[PDB]
>>> print(open('my_file_21.cif').read())   # mmCIF, N, CA and C atoms
data_run
#
loop_
_atom_site.label_atom_id
_atom_site.label_comp_id
_atom_site.auth_asym_id
_atom_site.auth_seq_id
_atom_site.Cartn_x
_atom_site.Cartn_y
_atom_site.Cartn_z
N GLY A 1 41.38 -26.08 -26.69
CA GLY A 1 41.77 -24.92 -25.90
C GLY A 1 40.58 -23.99 -25.80
N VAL A 2 40.76 -22.73 -26.17
CA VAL A 2 39.70 -21.74 -26.28
C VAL A 2 39.98 -21.00 -27.58
N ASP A 3 39.08 -21.10 -28.56
CA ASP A 3 39.30 -20.51 -29.88
C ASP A 3 39.17 -18.99 -29.87
N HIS A 4 38.54 -18.41 -28.84
CA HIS A 4 38.44 -16.96 -28.65
C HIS A 4 39.84 -16.32 -28.72
N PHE A 5 40.80 -16.89 -27.98
CA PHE A 5 42.17 -16.43 -28.02
C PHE A 5 42.73 -16.55 -29.41
N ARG A 6 42.55 -17.70 -30.08
CA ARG A 6 43.07 -17.86 -31.43
C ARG A 6 42.57 -16.74 -32.31
N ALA A 7 41.26 -16.47 -32.34
CA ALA A 7 40.74 -15.40 -33.17
C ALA A 7 41.38 -14.05 -32.82
N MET A 8 41.60 -13.74 -31.54
CA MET A 8 42.29 -12.52 -31.16
C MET A 8 43.72 -12.50 -31.71
N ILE A 9 44.48 -13.58 -31.53
CA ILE A 9 45.84 -13.68 -32.05
C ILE A 9 45.85 -13.62 -33.58
N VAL A 10 44.84 -14.17 -34.26
CA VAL A 10 44.73 -14.13 -35.71
C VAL A 10 44.53 -12.69 -36.17
N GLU A 11 43.70 -11.90 -35.48
CA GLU A 11 43.55 -10.49 -35.80
C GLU A 11 44.91 -9.81 -35.63
N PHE A 12 45.57 -10.04 -34.50
CA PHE A 12 46.86 -9.47 -34.17
C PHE A 12 47.95 -9.85 -35.18
N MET A 13 47.93 -11.07 -35.71
CA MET A 13 48.82 -11.57 -36.75
C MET A 13 48.56 -10.83 -38.05
N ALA A 14 47.31 -10.83 -38.53
CA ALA A 14 46.95 -10.17 -39.77
C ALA A 14 47.27 -8.67 -39.70
N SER A 15 46.97 -8.04 -38.56
CA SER A 15 47.20 -6.63 -38.27
C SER A 15 48.69 -6.32 -38.09
N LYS A 16 49.48 -7.27 -37.55
CA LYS A 16 50.91 -7.18 -37.21
C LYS A 16 51.27 -5.86 -36.52
N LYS A 17 50.52 -5.51 -35.46
CA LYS A 17 50.65 -4.25 -34.75
C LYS A 17 52.05 -4.06 -34.15
N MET A 18 52.32 -4.65 -32.99
CA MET A 18 53.61 -4.65 -32.31
C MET A 18 53.60 -5.77 -31.27
N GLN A 19 52.76 -5.63 -30.24
CA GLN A 19 52.57 -6.60 -29.18
C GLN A 19 51.09 -6.59 -28.77
N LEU A 20 50.66 -7.59 -28.01
CA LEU A 20 49.33 -7.69 -27.44
C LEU A 20 49.51 -8.25 -26.04
N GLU A 21 48.95 -7.56 -25.05
CA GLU A 21 48.93 -7.95 -23.67
C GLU A 21 47.61 -8.66 -23.40
N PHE A 22 47.67 -9.95 -23.10
CA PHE A 22 46.53 -10.76 -22.70
C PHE A 22 46.51 -10.74 -21.15
N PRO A 23 45.33 -10.84 -20.52
CA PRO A 23 45.20 -10.71 -19.07
C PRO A 23 45.83 -11.85 -18.25
N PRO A 24 46.16 -11.60 -16.97
CA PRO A 24 46.66 -12.62 -16.04
C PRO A 24 45.64 -13.73 -15.81
N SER A 25 44.35 -13.45 -16.04
CA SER A 25 43.21 -14.32 -15.80
C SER A 25 43.28 -15.68 -16.52
N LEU A 26 44.25 -15.89 -17.42
CA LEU A 26 44.47 -17.18 -18.06
C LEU A 26 44.94 -18.13 -16.97
N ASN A 27 44.10 -19.12 -16.67
CA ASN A 27 44.29 -20.06 -15.58
C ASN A 27 45.58 -20.84 -15.73
N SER A 28 45.63 -21.75 -16.69
CA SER A 28 46.82 -22.50 -17.07
C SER A 28 46.71 -22.73 -18.57
N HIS A 29 45.70 -23.52 -18.96
CA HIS A 29 45.46 -23.96 -20.33
C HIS A 29 45.34 -22.80 -21.30
N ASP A 30 44.78 -21.66 -20.88
CA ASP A 30 44.56 -20.50 -21.73
C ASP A 30 45.90 -19.81 -21.97
N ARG A 31 46.74 -19.71 -20.94
CA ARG A 31 48.06 -19.08 -21.00
C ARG A 31 48.94 -19.93 -21.89
N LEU A 32 48.95 -21.23 -21.62
CA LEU A 32 49.63 -22.24 -22.42
C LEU A 32 49.14 -22.15 -23.87
N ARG A 33 47.85 -21.91 -24.12
CA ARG A 33 47.36 -21.73 -25.48
C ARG A 33 47.96 -20.48 -26.11
N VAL A 34 47.91 -19.32 -25.46
CA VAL A 34 48.49 -18.09 -26.00
C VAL A 34 49.97 -18.35 -26.37
N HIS A 35 50.73 -19.00 -25.48
CA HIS A 35 52.10 -19.41 -25.73
C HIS A 35 52.18 -20.25 -27.01
N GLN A 36 51.40 -21.33 -27.09
CA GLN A 36 51.42 -22.29 -28.18
C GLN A 36 51.11 -21.65 -29.54
N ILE A 37 50.04 -20.87 -29.67
CA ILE A 37 49.72 -20.13 -30.88
C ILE A 37 50.90 -19.23 -31.25
N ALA A 38 51.45 -18.50 -30.28
CA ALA A 38 52.59 -17.64 -30.50
C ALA A 38 53.82 -18.40 -31.02
N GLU A 39 54.08 -19.57 -30.45
CA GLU A 39 55.20 -20.43 -30.76
C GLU A 39 55.05 -21.07 -32.14
N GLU A 40 53.81 -21.44 -32.51
CA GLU A 40 53.43 -21.97 -33.79
C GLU A 40 53.61 -20.91 -34.87
N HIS A 41 53.31 -19.65 -34.56
CA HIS A 41 53.52 -18.50 -35.40
C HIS A 41 54.96 -18.03 -35.20
N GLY A 42 55.18 -16.72 -35.32
CA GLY A 42 56.41 -16.03 -35.08
C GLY A 42 56.17 -14.96 -34.03
N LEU A 43 55.77 -15.36 -32.81
CA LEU A 43 55.54 -14.39 -31.75
C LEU A 43 56.38 -14.72 -30.52
N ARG A 44 57.04 -13.72 -29.93
CA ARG A 44 57.76 -13.96 -28.68
C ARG A 44 56.71 -13.82 -27.59
N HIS A 45 56.33 -14.93 -26.98
CA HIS A 45 55.42 -14.99 -25.86
C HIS A 45 56.26 -14.92 -24.58
N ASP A 46 55.88 -14.06 -23.64
CA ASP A 46 56.53 -13.97 -22.33
C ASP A 46 55.56 -13.35 -21.32
N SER A 47 55.83 -13.46 -20.02
CA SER A 47 55.02 -12.83 -18.99
C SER A 47 55.65 -11.47 -18.68
N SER A 48 54.84 -10.53 -18.23
CA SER A 48 55.21 -9.14 -17.98
C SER A 48 54.42 -8.61 -16.78
N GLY A 49 54.82 -7.46 -16.25
CA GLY A 49 54.16 -6.77 -15.15
C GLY A 49 55.05 -6.76 -13.92
N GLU A 50 54.89 -5.76 -13.06
CA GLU A 50 55.76 -5.56 -11.90
C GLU A 50 55.19 -6.28 -10.67
N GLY A 51 54.04 -5.85 -10.15
CA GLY A 51 53.44 -6.38 -8.93
C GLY A 51 52.31 -7.35 -9.24
N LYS A 52 51.23 -7.29 -8.46
CA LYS A 52 50.06 -8.16 -8.63
C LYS A 52 49.22 -7.78 -9.85
N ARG A 53 49.79 -7.11 -10.84
CA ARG A 53 49.16 -6.77 -12.11
C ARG A 53 49.99 -7.40 -13.22
N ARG A 54 50.38 -8.66 -13.01
CA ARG A 54 51.08 -9.46 -14.01
C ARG A 54 50.18 -9.60 -15.23
N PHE A 55 50.73 -9.93 -16.39
CA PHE A 55 50.02 -10.22 -17.61
C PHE A 55 50.91 -11.11 -18.48
N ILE A 56 50.36 -11.55 -19.60
CA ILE A 56 51.01 -12.32 -20.66
C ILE A 56 51.10 -11.42 -21.87
N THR A 57 52.27 -11.38 -22.48
CA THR A 57 52.57 -10.55 -23.61
C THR A 57 52.99 -11.46 -24.74
N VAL A 58 52.61 -11.09 -25.95
CA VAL A 58 53.03 -11.76 -27.15
C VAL A 58 53.44 -10.63 -28.08
N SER A 59 54.60 -10.78 -28.71
CA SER A 59 55.21 -9.76 -29.55
C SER A 59 55.24 -10.29 -30.97
N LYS A 60 54.90 -9.48 -31.95
CA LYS A 60 54.95 -9.84 -33.37
C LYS A 60 56.29 -9.66 -34.02
N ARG A 61 56.93 -10.77 -34.43
CA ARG A 61 58.16 -10.60 -35.19
C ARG A 61 57.51 -10.28 -36.55
N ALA A 62 57.67 -9.05 -37.06
CA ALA A 62 57.01 -8.62 -38.28
C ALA A 62 57.29 -9.63 -39.39
#
>>> encode(input="my_file_21.cif", output="structure tokens")
Amino acid sequence: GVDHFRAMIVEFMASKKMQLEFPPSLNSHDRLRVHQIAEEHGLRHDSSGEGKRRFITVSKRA
């Protein structure tokens, strides 16, 4: 995949903030990766945004 995302999600996991909004710019494989890391962990991965400013959100189940 792209390990850059994993390291971001790992910070977010260790930090256990609340949610993290990743950009729409994830082509396919990158979005699928954010989903997969989230699914492997305890994160609710979903898409968010109203108009052409869509994004990917992952939420930390504390």
>>> resolve_selection(input="my_file_21.cif", expression="the PyMOL selection byres (((chain A and resi 10-25 and name CA) around 8) and name CA)", output="JSON list (two decimals) with N, CA and C atoms, keeping the file's coordinate frame")
[["chain", "number", "residue", "atom", "x", "y", "z"],
["A", 6, "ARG", "N", 42.55, -17.70, -30.08],
["A", 6, "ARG", "CA", 43.07, -17.86, -31.43],
["A", 6, "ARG", "C", 42.57, -16.74, -32.31],
["A", 7, "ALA", "N", 41.26, -16.47, -32.34],
["A", 7, "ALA", "CA", 40.74, -15.40, -33.17],
["A", 7, "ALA", "C", 41.38, -14.05, -32.82],
["A", 8, "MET", "N", 41.60, -13.74, -31.54],
["A", 8, "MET", "CA", 42.29, -12.52, -31.16],
["A", 8, "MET", "C", 43.72, -12.50, -31.71],
["A", 9, "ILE", "N", 44.48, -13.58, -31.53],
["A", 9, "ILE", "CA", 45.84, -13.68, -32.05],
["A", 9, "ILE", "C", 45.85, -13.62, -33.58],
["A", 26, "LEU", "N", 44.25, -15.89, -17.42],
["A", 26, "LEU", "CA", 44.47, -17.18, -18.06],
["A", 26, "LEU", "C", 44.94, -18.13, -16.97],
["A", 27, "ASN", "N", 44.10, -19.12, -16.67],
["A", 27, "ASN", "CA", 44.29, -20.06, -15.58],
["A", 27, "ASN", "C", 45.58, -20.84, -15.73],
["A", 53, "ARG", "N", 49.79, -7.11, -10.84],
["A", 53, "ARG", "CA", 49.16, -6.77, -12.11],
["A", 53, "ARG", "C", 49.99, -7.40, -13.22],
["A", 54, "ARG", "N", 50.38, -8.66, -13.01],
["A", 54, "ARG", "CA", 51.08, -9.46, -14.01],
["A", 54, "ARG", "C", 50.18, -9.60, -15.23],
["A", 55, "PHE", "N", 50.73, -9.93, -16.39],
["A", 55, "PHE", "CA", 50.02, -10.22, -17.61],
["A", 55, "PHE", "C", 50.91, -11.11, -18.48],
["A", 56, "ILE", "N", 50.36, -11.55, -19.60],
["A", 56, "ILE", "CA", 51.01, -12.32, -20.66],
["A", 56, "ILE", "C", 51.10, -11.42, -21.87],
["A", 57, "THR", "N", 52.27, -11.38, -22.48],
["A", 57, "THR", "CA", 52.57, -10.55, -23.61],
["A", 57, "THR", "C", 52.99, -11.46, -24.74],
["A", 58, "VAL", "N", 52.61, -11.09, -25.95],
["A", 58, "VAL", "CA", 53.03, -11.76, -27.15],
["A", 58, "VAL", "C", 53.44, -10.63, -28.08],
["A", 59, "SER", "N", 54.60, -10.78, -28.71],
["A", 59, "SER", "CA", 55.21, -9.76, -29.55],
["A", 59, "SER", "C", 55.24, -10.29, -30.97],
["A", 60, "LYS", "N", 54.90, -9.48, -31.95],
["A", 60, "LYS", "CA", 54.95, -9.84, -33.37],
["A", 60, "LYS", "C", 56.29, -9.66, -34.02],
["A", 62, "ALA", "N", 57.67, -9.05, -37.06],
["A", 62, "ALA", "CA", 57.01, -8.62, -38.28],
["A", 62, "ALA", "C", 57.29, -9.63, -39.39]]
>>> select_by_dssp(input="my_file_21.cif", residues="chain A", states="strand (DSSP E)", output="VMD selection string")
chain A and resid 19 to 22 43 to 48 55 to 60
>>> select_by_dssp(input="my_file_21.cif", residues="chain A", states="alpha helix (DSSP H)", output="compact mmCIF listing (two decimals) with N, CA and C atoms, keeping the file's coordinate frame")
# COMPACT_ATOMS: atom_id res chain seq x y z
N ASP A 3 39.08 -21.10 -28.56
CA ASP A 3 39.30 -20.51 -29.88
C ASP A 3 39.17 -18.99 -29.87
N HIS A 4 38.54 -18.41 -28.84
CA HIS A 4 38.44 -16.96 -28.65
C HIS A 4 39.84 -16.32 -28.72
N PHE A 5 40.80 -16.89 -27.98
CA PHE A 5 42.17 -16.43 -28.02
C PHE A 5 42.73 -16.55 -29.41
N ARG A 6 42.55 -17.70 -30.08
CA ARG A 6 43.07 -17.86 -31.43
C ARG A 6 42.57 -16.74 -32.31
N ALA A 7 41.26 -16.47 -32.34
CA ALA A 7 40.74 -15.40 -33.17
C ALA A 7 41.38 -14.05 -32.82
N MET A 8 41.60 -13.74 -31.54
CA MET A 8 42.29 -12.52 -31.16
C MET A 8 43.72 -12.50 -31.71
N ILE A 9 44.48 -13.58 -31.53
CA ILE A 9 45.84 -13.68 -32.05
C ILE A 9 45.85 -13.62 -33.58
N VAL A 10 44.84 -14.17 -34.26
CA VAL A 10 44.73 -14.13 -35.71
C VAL A 10 44.53 -12.69 -36.17
N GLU A 11 43.70 -11.90 -35.48
CA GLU A 11 43.55 -10.49 -35.80
C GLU A 11 44.91 -9.81 -35.63
N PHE A 12 45.57 -10.04 -34.50
CA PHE A 12 46.86 -9.47 -34.17
C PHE A 12 47.95 -9.85 -35.18
N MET A 13 47.93 -11.07 -35.71
CA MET A 13 48.82 -11.57 -36.75
C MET A 13 48.56 -10.83 -38.05
N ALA A 14 47.31 -10.83 -38.53
CA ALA A 14 46.95 -10.17 -39.77
C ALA A 14 47.27 -8.67 -39.70
N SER A 15 46.97 -8.04 -38.56
CA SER A 15 47.20 -6.63 -38.27
C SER A 15 48.69 -6.32 -38.09
N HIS A 29 45.70 -23.52 -18.96
CA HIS A 29 45.46 -23.96 -20.33
C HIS A 29 45.34 -22.80 -21.30
N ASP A 30 44.78 -21.66 -20.88
CA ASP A 30 44.56 -20.50 -21.73
C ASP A 30 45.90 -19.81 -21.97
N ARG A 31 46.74 -19.71 -20.94
CA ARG A 31 48.06 -19.08 -21.00
C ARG A 31 48.94 -19.93 -21.89
N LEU A 32 48.95 -21.23 -21.62
CA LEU A 32 49.63 -22.24 -22.42
C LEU A 32 49.14 -22.15 -23.87
N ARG A 33 47.85 -21.91 -24.12
CA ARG A 33 47.36 -21.73 -25.48
C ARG A 33 47.96 -20.48 -26.11
N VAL A 34 47.91 -19.32 -25.46
CA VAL A 34 48.49 -18.09 -26.00
C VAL A 34 49.97 -18.35 -26.37
N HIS A 35 50.73 -19.00 -25.48
CA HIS A 35 52.10 -19.41 -25.73
C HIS A 35 52.18 -20.25 -27.01
N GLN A 36 51.40 -21.33 -27.09
CA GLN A 36 51.42 -22.29 -28.18
C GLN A 36 51.11 -21.65 -29.54
N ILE A 37 50.04 -20.87 -29.67
CA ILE A 37 49.72 -20.13 -30.88
C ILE A 37 50.90 -19.23 -31.25
N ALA A 38 51.45 -18.50 -30.28
CA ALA A 38 52.59 -17.64 -30.50
C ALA A 38 53.82 -18.40 -31.02
N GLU A 39 54.08 -19.57 -30.45
CA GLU A 39 55.20 -20.43 -30.76
C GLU A 39 55.05 -21.07 -32.14
N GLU A 40 53.81 -21.44 -32.51
CA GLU A 40 53.43 -21.97 -33.79
C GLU A 40 53.61 -20.91 -34.87
>>> resolve_selection(input="my_file_21.cif", expression="the PyMOL selection byres ((chain A and resi 42) around 7)", output="PyMOL selection string")
chain A and resi 37-41+43-44+59-62
>>> residues_around(input="my_file_21.cif", residues="residue 1 in chain A", least_positions_apart="5", cutoff="8 Å", atoms="only C-alpha atoms", output="PyMOL selection string")
chain A and resi 29-30+33
>>> atom_distance(input="my_file_21.cif", atom1="atom N of residue 3 in chain A", atom2="atom C of residue 50 in chain A")
28.3 Å
>>> axis_aligned_box(input="my_file_21.cif", around="range 44-59 of chain A", padding_each_side="4 Å", output="AutoDock Vina command-line options")
--center_x 53.5 --center_y -10.3 --center_z -19.7 --size_x 16.6 --size_y 17.4 --size_z 30.5
